[PDB]
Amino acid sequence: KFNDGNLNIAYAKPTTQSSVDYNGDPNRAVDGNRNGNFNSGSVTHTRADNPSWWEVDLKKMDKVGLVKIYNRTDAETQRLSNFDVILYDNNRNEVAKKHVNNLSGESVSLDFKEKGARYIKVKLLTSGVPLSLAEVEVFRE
């Protein structure tokens, strides 16, 4: 459960996603493994939904600082583009949202500046595109 010395509170928490394809179950983004090669088994994959999304449930509200999202790396890297990262409280009210146009390397790091949330959702805004995430790490700082 550790990354840059900080506790990743998303590790091993319940996850869900819009659908599953190629056995790319949602729990692959919280298994502690950042390997972005889909074929090695640590990357999620939805079907081509309207739109595709993935979510982690921390089970209780917690403070969210950095969110670090590791992309698929073996192929189709541009799929993780034009997406929202969205925080929701215990009643699924939206508490914060950042939009990411694209990634320049293998990850993007967002800072939600200590906002209280239970759910972190990653949502593609382009429908008909599968969502694959190698890992989603969530920190209190």
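One-based numbering along the sequence shown.
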Ranked by mean Cα B-factor in the entry, 108-116 and 22-30, top stretch is 108-116
Temperature factor at the Cα of residue 93, chain-ranked in thirds, falls in the highest
Chain-relative CA temperature factor third for residue 138 = middle
Residue 62: CA B-factor among chain residues, third -> highest
So, residue 44's CA B-factor, relative to its chain, sits in which third? The lowest
According to the PDB entry, is the CA B factor of residue 80 in the bottom, middle or top third of its chain, that is, lowest, middle or highest?
-> middle
